[PDB]
Structures are given as structure tokens and as C-alpha cells.
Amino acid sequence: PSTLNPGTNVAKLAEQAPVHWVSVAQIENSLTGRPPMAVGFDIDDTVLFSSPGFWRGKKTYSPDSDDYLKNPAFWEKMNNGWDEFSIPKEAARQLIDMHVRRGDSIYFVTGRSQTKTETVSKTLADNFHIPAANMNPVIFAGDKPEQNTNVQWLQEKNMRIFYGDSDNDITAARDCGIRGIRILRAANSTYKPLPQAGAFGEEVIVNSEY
């Protein structure tokens, strides 16, 4: 950082982290023969780049802190319209189409707070063309301290796979003994620092940042 011309070398250029990368095709192939099942998807930075709404929320309710995340007024705006500014991730499209082909039941489990009304389910169904037969209303698990709110829902809906970008998404899957697969969080996300994908030895989907 304090070096004007750091230069580089071939050992560093070729250096690789010991991560288990997988592709959508590889995941689909690993599911050959398996009958329809319940699968879950994280929302923020997994299927939607929702930073635009979280950014406006921060500037609007807590310019110098994260208190906006605990403000009921922020969640009202976020879950009822701000996802109109959320950009769908290509990696998610491919996964959702793949699961739709298998006839799998799709669930969305988010750490967002639950509000009286929400249009998130609709935005997800419309943007990813999810048939009514595979779609399920979004589950707002919320976020409590010293506890992982995702676990209860993964267990009750008997989800066999869970896609997520955060550590708590992956550890939740591990707690339930199911297959947790990591999605890369975009570099321009406002939710930092970026998590260390593969920090639990889990499978990480290549090029899933967009």
C-alpha cells in the first residue's frame, strides 16, 4: 500500500487459494437420479444485488451507522418497492432454471426483517420466471443476536441444499447436515467486508459474483 511500484512475479500470478470450486453443470450432474426435493436460496447478494436499496436506506436513516438495519421504517420501504432497483444475478438465474427443470420446490430464506406486507416474492417470481408450482412465499427469518435464524426454516421445509453468500448461510446448512453452497458476493456490494468464500471447506460456485 505504501509501495509506489510493487511489481510482481510468476509465483504470485499463478498462486491459488485452496478452494473447492464448482459449476452449475457440475451441481446438476451431482443431482442426477434424485427425485424432486426442497431447496433454499438466500436473497441478498445471492440472487439479488440489493445494495442500491440498502445504500439509500443507510443514507436516509443512519448516515454514520448501521442502525437503519434495526429501523422498522427502512424495512417497510425495502420489502415493498426498493427491490425495483435490485439487479438479479446471472448465477442465480442458471441455478433457479436448473432446479425448475428438476421439478424442485424453491424456497427463499432471507435475514431481512419481516414486514406487514412485502412485494419481494413477486419480484423474485417475475424476474426469474418461477412457475407457481415451484414458487414459495419468501421466508423472512429476520436476525437475532447470538443465534442463527436460518436453521429453523431449513429444517421444517426439509431443504436438502442451501445457496448463500454469507458465513451464517453456510454454517446454517452445516448445522442441519445439508449441502451448503457458496455464492460470491459482488465487489461493489455495500455489505463489507466481503466474506471468505470456502472458509468452511464448502463448494463455491465459479463466476457467481454477477
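We number the residues from 1 along the sequence you see.
Per-stretch averaging of Cα B factors for 117-125 and 134-142 places 134-142 on top. Taking only CA atoms, the mean B-factor in the PDB entry is higher for 23-31 than for the other of 23-31 and 49-57. For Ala92, the recorded CA B-factor ranks within the middle third of the chain. Only modelled residues enter the ranking. Per the deposited record, the Cα B-factor of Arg179 falls in the middle third when ranked against the other modelled residues of its chain. Among the modelled residues of its chain, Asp83 has a C-alpha B-factor that falls in the lowest third according to the deposited record.
Ranked against the other modelled residues of its chain, the C-alpha B-factor of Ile170 as given in the entry falls in the lowest third. Among the modelled residues of the chain, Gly164 sits in the lowest third by CA temperature factor in this PDB entry.
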